[PDB]
Protein chains: 2
Amino acid sequence: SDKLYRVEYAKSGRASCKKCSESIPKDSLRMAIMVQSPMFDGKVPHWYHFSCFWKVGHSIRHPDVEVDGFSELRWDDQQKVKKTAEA
Amino acid sequence: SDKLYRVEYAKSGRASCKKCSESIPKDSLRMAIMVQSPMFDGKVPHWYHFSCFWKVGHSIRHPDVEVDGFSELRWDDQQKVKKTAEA
DNA sequence: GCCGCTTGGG
DNA sequence: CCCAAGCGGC
Ligand SMILES: [Zn+2]
Ligand SMILES: [Zn+2]
């Protein structure tokens with residue numbers, strides 16, 4: 001995927017939020033900025049809590065196309081993403 | 001539990017049959033005799049392919065009460081175990 | 001318990 | 001890609 005963002009239910013509880021540095025609980029809704037690695041050739045996620053992600057300021061117009069993983073979210077959460085992005 | 005035997009769909013494909021020595025395929029029906037390790041507070045399974053389990057002299061009168069995991073098997077496999085035990 | 005395979009974080 | 005945790009086998 002060449003998308004800039006990723007959203008998903010946390011696969012583990014081990015990722016640390018880049019903003020607040022607190023861990024992100026398994027299964028919770030988390031979002032990443034996908035960035036190029038300096039260790040190897042490929043993208044790595046910078047994970048944030050859902051709310052922390054928005055606090056650091058993004059202009060995502062069409063979440064469905066711009067955020068990888070969007071379509072695999074529960075409808076409930078897809079709507080929370082769209083809603084949040086628009087505001 | 002405290003039961004001597006366990007039956008389940010194999011959690012991996014890595015276990016080797018203690019009768020025939022061949023690997024037990026992931027998700028296949030497998031059976032174990034359970035033994036207490038003197039090295040740690042935990043039970044160790046000797047796994048077997050379903051068919052091989054009966055060829056080594058392991059024997060079962062009441063699967064329902066003797067074999068841990070029996071009631072969680074698919075109906076088909078419950079009747080297979082019960083039938084094979086009676087035989 | 002120990003260890004290797006697999007998964008996940010980076 | 002490297003490293004470490006989680007899981008599975010024993
Ligand atoms: Zn955060
Ligand atoms: Zn066998």
Side-chain angles (χ1 to χ4, degrees), chain A residues 1-58 60 66-74 77 81, chain B residues 1-58 60 66-74 77 81:
Chain A
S1 182
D2 45 26
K3 299 200 190 165
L4 302 190
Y5 316 95
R6 188 143 84 197
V7 60
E8 77 186 25
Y9 302 116
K11 291 173 168 193
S12 101
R14 279 186 273 123
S16 278
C17 186
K18 294 311 199 180
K19 179 183 192 287
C20 65
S21 295
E22 293 170 27
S23 54
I24 303 176
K26 185 177 170 42
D27 291 315
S28 78
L29 191 63
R30 63 174 187 199
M31 291 184 73
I33 293 157
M34 301 302 305
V35 296
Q36 203 65 37
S37 195
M39 302 305 94
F40 72 94
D41 201 87
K43 284 196 175 63
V44 288
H46 274 193
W47 290 116
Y48 298 76
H49 294 107
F50 182 83
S51 76
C52 295
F53 174 85
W54 296 110
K55 290 169 183 174
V56 306
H58 317 262
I60 314 190
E66 297 186 72
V67 192
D68 187 32
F70 176 94
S71 57
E72 295 44 85
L73 294 171
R74 298 179 62 93
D77 297 329
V81 167
Chain B
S1 57
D2 221 36
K3 298 175 184 158
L4 286 198
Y5 311 97
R6 200 195 183 318
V7 64
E8 78 195 12
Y9 305 107
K11 282 166 192 173
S12 84
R14 267 174 271 134
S16 54
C17 180
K18 293 299 179 269
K19 158 142 209 322
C20 71
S21 91
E22 316 291 1
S23 63
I24 309 169
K26 191 178 162 67
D27 308 326
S28 71
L29 183 73
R30 73 180 179 190
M31 303 195 68
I33 172 103
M34 302 299 309
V35 193
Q36 274 289 326
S37 190
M39 303 297 92
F40 59 90
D41 201 44
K43 274 148 100 64
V44 176
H46 297 308
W47 291 110
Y48 301 83
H49 297 106
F50 173 74
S51 61
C52 297
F53 176 89
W54 313 93
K55 296 177 188 199
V56 288
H58 292 320
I60 287 164
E66 298 181 61
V67 182
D68 184 41
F70 172 84
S71 47
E72 292 74 59
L73 300 173
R74 303 188 293 264
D77 291 327
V81 167

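Heavy-atom basis, side chains included; hydrogens, waters and symmetry copies ignored. Chain letters run A, B, ... following the sequence lines, proteins first, then strands; residues in each count from 1.
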Length of the line joining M39(B):CE and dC3(C):P, which is rounded to integer Å
15 Å
I need a per-nucleotide contact map over nucleotides 4-10 of chain D, read 5' to 3'. Cutoff is protein heavy atoms under 4.0 Å; write B for the base, S for backbone only, - otherwise.
-S--SSS
Residues in salt bridge (charged side-chain N to carboxylate O under 4.0 Å, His left out) contact with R6(B), at least two apart in sequence or another chain
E8(B)
State whether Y9(B) and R74(B) meet the cation-pi test: NZ (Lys) or CZ (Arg) under 6.0 Å from the six-membered ring centroid, and within 45° of the perpendicular axis.
yes
Checking the side chain of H46(A) only, and the main-chain atoms of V35(A) only, is there a donor and an acceptor separated by less than 3.5 Å?
no
Kindly check if the number of other-residue, nucleotide or ligand heavy atoms within 6.0 Å of NZ (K3(B)) is above 12?
yes
Sorted by chain and number, sequence neighbours left out, ring-ring contact (aromatic ring centres under 6.0 Å, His included) with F50(B) holds for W54(B)
